[PDB]
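According to full-length UniProt numbering, the sequence shown is numbered sequentially starting from 28.
Structure record follows, encoded as structure tokens.
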Amino acid sequence: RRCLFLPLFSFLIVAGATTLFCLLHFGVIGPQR
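Spelled out as structure tokens, the structure:
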């Protein structure tokens, strides 16, 4: 599961995941995940 390009390709995976995490934080579901 280790790659010589994962630490980078993942940086893009997280940056895009932040938009989703904050999306629900707006109160779409509340404190119930």
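Ideal Cβ placement from N, Cα and C applies to all residues, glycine included.
- In the displayed model, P58 falls within coil according to three-state DSSP, outside both helix and strand.
- Annotation for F32: no alpha helix (DSSP H) segment contains it, and DSSP assigns it neither H nor E.
- In the structure shown, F38 falls within a helical segment according to DSSP collapsed to helix, strand and coil.
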